[PDB]
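What follows is a short report on a single structure.
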Amino acid sequence: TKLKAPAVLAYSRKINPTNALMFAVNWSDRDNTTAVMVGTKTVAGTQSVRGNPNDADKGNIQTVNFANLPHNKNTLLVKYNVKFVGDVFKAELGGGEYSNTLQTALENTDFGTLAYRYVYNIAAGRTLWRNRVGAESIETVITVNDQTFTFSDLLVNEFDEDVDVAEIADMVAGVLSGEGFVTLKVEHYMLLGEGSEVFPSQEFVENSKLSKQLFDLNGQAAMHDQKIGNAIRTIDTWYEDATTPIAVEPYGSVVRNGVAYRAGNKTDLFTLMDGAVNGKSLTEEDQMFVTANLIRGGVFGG
Amino acid sequence: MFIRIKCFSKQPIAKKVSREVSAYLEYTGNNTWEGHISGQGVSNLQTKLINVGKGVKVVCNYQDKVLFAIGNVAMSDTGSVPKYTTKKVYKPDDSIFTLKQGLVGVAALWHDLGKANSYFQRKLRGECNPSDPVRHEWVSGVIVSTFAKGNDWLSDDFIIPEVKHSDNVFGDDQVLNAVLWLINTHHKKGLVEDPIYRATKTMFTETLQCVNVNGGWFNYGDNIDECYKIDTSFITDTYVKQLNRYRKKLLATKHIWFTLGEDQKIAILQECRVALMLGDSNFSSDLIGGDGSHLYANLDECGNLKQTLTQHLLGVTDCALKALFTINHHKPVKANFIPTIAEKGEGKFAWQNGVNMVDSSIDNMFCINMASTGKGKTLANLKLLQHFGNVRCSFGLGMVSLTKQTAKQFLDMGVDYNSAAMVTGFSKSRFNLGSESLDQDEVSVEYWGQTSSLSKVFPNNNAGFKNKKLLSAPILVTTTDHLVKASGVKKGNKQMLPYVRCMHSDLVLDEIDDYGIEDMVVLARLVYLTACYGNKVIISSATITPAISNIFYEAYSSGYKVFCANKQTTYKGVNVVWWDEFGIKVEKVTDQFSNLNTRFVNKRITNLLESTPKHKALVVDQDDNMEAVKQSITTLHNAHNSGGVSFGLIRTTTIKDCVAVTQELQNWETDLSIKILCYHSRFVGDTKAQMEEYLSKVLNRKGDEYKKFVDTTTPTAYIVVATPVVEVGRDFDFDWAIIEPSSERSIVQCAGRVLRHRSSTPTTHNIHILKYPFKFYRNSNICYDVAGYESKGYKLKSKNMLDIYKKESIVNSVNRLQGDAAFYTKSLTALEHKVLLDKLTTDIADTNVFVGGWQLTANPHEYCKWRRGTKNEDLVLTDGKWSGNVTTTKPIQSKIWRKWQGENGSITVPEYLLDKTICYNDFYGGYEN
Amino acid sequence: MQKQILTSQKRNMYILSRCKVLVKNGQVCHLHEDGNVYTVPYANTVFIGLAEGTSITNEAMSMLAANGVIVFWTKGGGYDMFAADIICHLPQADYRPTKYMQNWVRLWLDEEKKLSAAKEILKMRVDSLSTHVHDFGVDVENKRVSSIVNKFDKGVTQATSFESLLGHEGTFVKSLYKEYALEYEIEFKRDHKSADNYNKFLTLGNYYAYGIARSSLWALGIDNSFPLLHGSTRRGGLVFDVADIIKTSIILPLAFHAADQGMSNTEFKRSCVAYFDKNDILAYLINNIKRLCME
Amino acid sequence: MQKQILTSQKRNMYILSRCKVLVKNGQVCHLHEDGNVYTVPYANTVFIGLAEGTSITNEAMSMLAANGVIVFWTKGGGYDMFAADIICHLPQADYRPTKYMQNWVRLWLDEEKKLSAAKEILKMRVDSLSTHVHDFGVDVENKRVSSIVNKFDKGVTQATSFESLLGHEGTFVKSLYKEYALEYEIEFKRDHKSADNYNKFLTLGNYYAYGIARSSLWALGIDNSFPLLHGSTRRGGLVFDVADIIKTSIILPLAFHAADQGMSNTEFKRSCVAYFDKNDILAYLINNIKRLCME
Amino acid sequence: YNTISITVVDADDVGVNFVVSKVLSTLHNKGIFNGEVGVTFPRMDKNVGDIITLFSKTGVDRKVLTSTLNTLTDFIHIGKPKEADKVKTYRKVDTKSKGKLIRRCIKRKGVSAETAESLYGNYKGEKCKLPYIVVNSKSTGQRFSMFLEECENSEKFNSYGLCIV
DNA sequence: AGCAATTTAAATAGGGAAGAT
DNA sequence: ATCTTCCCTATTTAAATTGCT
Ligand SMILES: [Mn+2]
Ligand SMILES: [Mn+2]
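Protein chains in written order, with the authors' numbering: chain L, 2 to 303; chain A, 1 to 929; chain D, 1 to 295; chain E, 1 to 295; chain H, 1 to 165.
Written out as structure tokens, the structure reads:
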């Protein structure tokens, strides 16, 4: 007993998405993909900072980025490849006095549901935060091992039953429970309207710097890989007072709301893995949450 | 349990208490109930009989003793239920009550004459500095002294004369000097910086003539001429007749004032000052509204002009007169007759039947309870208090947790919260986890109780929760600092609440040896003040030194002389009750206390010595104490272990010493399985509390429940390196201890932490005393001053413990009980006794215990500071993030057995160690790195 | 009500007769036709039985049930021969502790565990005899009582069914009834309908032990529909199974002494309060039924 | 006054208020407030209730219990009962627990029927939501509420353990709380300690739900110590489990309407008992417990 | 005047106010606010709130506006039409910053650029701290911030739900 | 000093009416 | 009906004073 957790214990990320490159298409002209360019407009304004009152007279020529659709294409296309990898129970930096006990404590994990919610967050449009808002038509095409799947009307908040997501979830759960990998090429086509302004992900700027950096690969608007990884693991409906699916965190913590849902109420990942290697009976939902964290990965040492 | 409740009440307060008392007992008719109920039923009946309102007139009888008496019902002195009680019972030569009335009335009509200067008027209106150059009490004293020098101050018309700046206002007339000291010290006492005056002044006026304006009143002094130009708008109808009637009252009674003794005058003027602040704060708290303008005294919360000075003086007078009347004519509310006390003690509590050798009708009692630990000392103290009748006492104890332990004993034996009041004035966040419903512990702060009649004379109806628990408690289980302020304070009215508390209640001070020397001086001052009003002092200390027991008896004897000559009764002596676990002895002692006390001490020593030796201590020869600790740990594990598992206590002196011993033992390569704990006091709220509860549940050896809190399967050395926080108030039982020597009472107390719960005698040696303290390598001139009575005035000639202690010795209380003044420079015990008789002496000095003449001054509260510590700033941990220069560090992780983490709380760092980083750590708290 | 006297620590018990029970000024009080209003300590009452000619309002039941007082009526099936339905209202507004129901029904459903529990409660009869001795009647240590207790234990040890149990009851009770009667020099036939004091005091003590047993049951949450003894003449449920632990130890010696020492109904009632609170019989039955369920 | 409550199929839970129940000319009657006597037919009633202002007498109690009319004492309204005895198979002929009670016990014991009955109690809670459609409340057929209903249905059907059912039950209950908060324009978070109108109105409505569920559990003889969802140490957990069926369907919309219009507590009590009388909510709970226990 | 509620729900992944602003934009672009439907917000303390409240005098039904906000249905909630005798009506307040009025001084007074800087150099630069929304304007191709504050009720409203004059 | 007569007054008990559930 | 609150209602206790022995 009293199997104390290793200080070096970490797990690798098992859902690896690429950067979500963003293109402009039409709804019936889906093959002509023109890359959405981040424009950048200059704004003239004096600097106002707390530490330098002497520098407020002149300076701060700032040039803020923006990204709209072109005025001939009404559909935004978002392309990214989500790579699910198996052996989520292998610790990369941990070892096997604790990670092997985790293997033999989370073998009864229903990966079917875990994978369903992953592919449902892929398909329903959780990966399209501010640009699925106000779109009159949502479409998702998933290409997986030469199989094409079409999704039109999936409400993203609840994980309802559709056999299309389920079909992919099968091979995704077979990867995640076993050994190997699977790759889902996900292209989202959302009809926002003619010249509607799109929403790339944001680089962190300083309190000063410029107003807003949109995410650029080679000049073209895109969204962060870790931001999509936040979308995919947004499956946590099993904490106490669970209203909406949150991103599976080791503490159940969302930064933008200023509260942590699983911290400080004995449902955090660390107490559940210590309970697993000390062998108390877990329910299915918290064990699924622990396996979702191990799929997410991260260093758990102290 | 069969009780009978009778009602004396008028009103429908004979009706709405009848619903509750008829909910729990059967009605026998004629407003009398009688029946069987449980003790918790008695508690529920008390709680819903007192809370129902004011005017409840309820007497309860369990068998034939009175259970409780709601209100000031006279009820039973001999028989119960009187007939009509009307008026005019005794009407004596009260004399000293008329003296206190005259002094308080004359001073209270003159206490705020000095607010009439123009500086106080613009201070209240707010166009100058709110701090006066000279305080208004001194200006009123200057007014009264100038009027006394000019006209005959006792029988004349008043008229305020032209006053100037006077450095001293105290003359020779003893009664005038009393009125002047009451006027000047109605806010704060004068403080005398003068060393020759502090050296020599003893008498009442002869010390009072040294109280000048420079002792706190003369703040800065640039607007003195405006501070002494005064208007005379007080000459009205009711003020002049009130002044005339009180002055003539004093005139008629001051003939008995010169027949008093010094001790009387000091205690009577202390009572007068307490009643004067009671009346002044009572009238300053409430808002009267009406005013006659042109002159003002106080300000409201909005800063508007209120309480004009004529009616302010009249209100302070009547409130102080009423304060005096209720504090001098109170039959105070006492506790319930606890039925789980009065039966026989069985087995190891069988000495508690010594109360059947004490007289139940003695007006005074000085108990010296020299019984050893584990015998139920506090239960015996409650038994001794209940032997004289119903209980009214203040259990003043050191530490919060010891008050919690005595409260839990009081709760589970027989005492509910209608009689008990646990007071810890810090609101600590140490909560009980695991199960709130299945706790059956964690004594809390509610006090259903009963509000006393003294709350109406305090400011703004006493206070909220805390002072209601203070004043109105029958039994007040409190930390001691809520009682030592009775002897007096620097600034404010914080003296009155413990003063009026200790006036009508007994005082029970347990383990007074753990206090400091100045702490024990002010505790014996409190004992003298408690004995000044006929209450009984129970001292409960096993390792008492004759010096301490003597000076506490002399304080009680001076107090009982005050009480005897105050009620015009001839002083027969003090009923001293020597008590231990082997017997009791009650003697009427007016003189020769020393031979009787030493004979009882020798009898207790002979009753301790034929018992088997439980603590055999060997002083090691190894000079270096680090490897002495190593070798002693190895030897006492190889000799004293319970099947391979042994518990050791490394008692060291200070915190960096503790972390040095810990960091050496963690890096110490040995075949022994050392598991190290740090147990000093510098720890965060959470971490510290966690250590406490764990240690209390693993070192409990009365049963084998600990086998499940530690790994006793594998042979392991469970070592706790601790500072003097382990030798005070800890119910710990170690297999053996290694002691760094600081004082001999530390040796006796850490012997009391070894085999505390077991009865098996050691074979070879269970204590290994280190050769030197660790301060020898840092300061060879003085090394025992930290947590010891060595000092700069009392230096040991040699620091070798072969020279100053026995090499093989059975450590018990005998060396502390005996008392030796000779050869104090080369033995630790005689060094201890020397200091104890040279600081707690039968003199008045200035920081002494018989203090007379200086009670009038602020000197015993400035130069004798209770809990005199270092500056002490508090670095606070807020959610894992430290406040000041802390820098969390990482411990050695070699042998730590248990380490609890902390996130909130605070650490107490001396200002000396604030310069550098205290470097807080999860394992050991504060150090120098 | 603060903590409220534990129901084992309530000492007052009443069976009111020919009165109107009501609430005056918040007082549970019974008023007779002579204009006399006697209060009841409702926060200390164990039970209030109601005899013939009695009546009680709603509010009196409301503040008796809030204070945990069991109220029964001595008529209906209260002729005590069939002992079918003594009308006994319990305070179930208070949500009782549950674990004694769980261990009780685990042993109830299991018939072998029910048989063993019945044997334990039958041994509680002789345990009660030994624990609660009386100094005005039969000595428990004489040869007849020791012989019949030994015969009862050796019969209940080798017992196989509840029909065999029903018979052992016949023996113990009937012969203890008789043994007292021969020592009290009275030809006695137990009859609930008989007029002699030896039977009216016995029926009054039957109602008193009914109230004690039902209060001990309800305290733990145990009902009455789960009895341990099943038989043709054992209609009445678990309250009589708990109550006949203390007939021959308490109720029967007090009733026989009362009749022989010419006590009145009121003083027999009081002698019953004195024995039920001096030896603390309610806490005895409550702790012993905790021993019965346990696991 | 005189109040009729249908409970199972044909027997009626009579509620009597401000009346004195006694025996006139050999049969049970009651004098009412208006000074007019009303008799009671023995054939059509089994449960008779005594609300506020009501007194019963001893021979009326005995004759009511001898006719199979088993009496209970309740707070005025008929759904806040504090005193009764336990239903048997017959009141006079024998003393056996009811078939419903025994069935419940057996179902609770074997782990599979306990899990199936926990799933079923939540199935009928979703049924209750649709069945009892309010006017002021949210639409049960609305897309968000139906999505919450189907989420709860999927979660209950796919669960194999009780703590999953507790998480799903809490999600459904507080999701309906969130939906009704979205209706009534407020930040509502369920806490018992808050003094706002919505939380304290929901609290006393929940206490009314506990009372009517306690009456429904008593009326089939179901004891208060066999909870389905809540733990074995929860005192009276079966009352909470049965009241859960109508807490989010009836108590929640009535309480949110009551806090929206802001009327006082007694008229919320009369609205709750009016909804209980009009749609036969107690009869719904009685049939619910029969279908649960019969299986 | 009878009124209807549009409460933004489940907008945590996207700010609540972005959904509020998109609700305003979709209510603008598909008609709704012809001249008589107005908006109000029950929870302006420092944020614009999460409830849009439409108090049209003729009466707004659920069906027309739920067909209008078919794009926001994933994270919207619509209450049934209730009544209110008094609604707390807001209006549009706009900000000017330097060059704005400079171009006005180009086109109204006809003065040169340097003297237009000269008359306005030490002036202007007001800073509105009122709660606001962020609006896509479609006729003028740039996105801006629109500030709302409490004013007396007006009979006529704009195409956005705010008071006129 | 106890008491008696005798006043004076504060309070206790009860009945009726009205308002709650 | 039951019970509570309050207003009469005067009936009912306790104190107060003071010659008288
Ligand atoms: Mn003053
Ligand atoms: Mn003053």
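Even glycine gets a Cβ: it sits at the ideal position worked out from N, Cα and C.
Looking at the DSSP output, residue 491 of chain A sits in a beta bridge with A:188.
DSSP places residue 496 of chain A in the helix class (H, G or I) of the three-state scheme. Taking a Cβ-Cβ threshold of 8 Å, the residues of chain D close to residue 101 of chain E are 225, in chain order. Inside the stretch 629-697 of chain A, DSSP marks whole alpha helix (DSSP H) runs of 4 or more residues at positions 655-666, from first to last along the chain.
At a Cβ-Cβ threshold of 8 Å, residue 59 of chain E and residue 23 of chain E count as neighbours. Inside the stretch 72-97 of chain E, DSSP marks whole beta strand (DSSP E) runs of 3 or more residues at positions 80-84, from first to last along the chain.
Interface with chain D (8 Å Cβ-Cβ cutoff): residue 53 of chain E is included. Between ligand 2 and the CB of residue 284 of chain A, the shortest heavy atom gap is smaller than 7 Å. Under DSSP, residue 12 of chain E takes part in a beta bridge, and its partners are E:6 and E:45. Closer than 7 Å to some heavy atom of ligand 2: that does not describe the Cβ of residue 255 of chain A.
Proximity of the beta carbon of residue 318 of chain A to ligand 1 is not indicated: no heavy atom of the ligand is located closer than 7 Å. Within chain A, the residues 38 and 40 have their CB atoms less than 8 Å from the CB of residue 6 of chain D, given in chain order.
Contacts with chain A at 8 Å (Cβ-Cβ) do not include residue 97 of chain D.
Beta-bridge annotation (DSSP): residue 221 of chain L is paired with L:38 and L:218.
When the Cα atoms are used, residue 93 of chain H and residue 162 of chain H turn out to be separated by approximately 10 Å. Bounds of any alpha helix (DSSP H) do not take in residue 98 of chain L, whose DSSP letter is neither H nor E. Under the Cβ criterion of 8 Å, residue 51 of chain H is counted among the residues facing chain E. Here the alpha carbons of residue 692 of chain A and residue 710 of chain A stand approximately 15 Å from one another. Looking only at L:99, L:202, L:244 and L:191, the smallest Cα-Cα distance to residue 226 of chain L is reached by L:202. According to the DSSP assignment, residue 578 of chain A belongs to the beta strand (DSSP E) that extends over 574-580. Chain E places no beta carbon closer than 8 Å to that of residue 28 of chain H, leaving this residue out of the contacts.
Flagged as an interface residue toward chain E: residue 73 of chain D, by a C-beta distance shorter than 8 Å. Excluding five sequence positions before and after residue 186 of chain D, the CB atoms of its chain that fall closer than 7 Å to its own CB belong to 198, given in chain order. By the C-beta density criterion, residue 11 of chain A is exposed, having fewer than 16 other C-beta atoms within 10 angstroms. Under the Cβ distance rule, residue 38 of chain D counts among the residues neighbouring chain A, one pair being separated by less than 8 Å.
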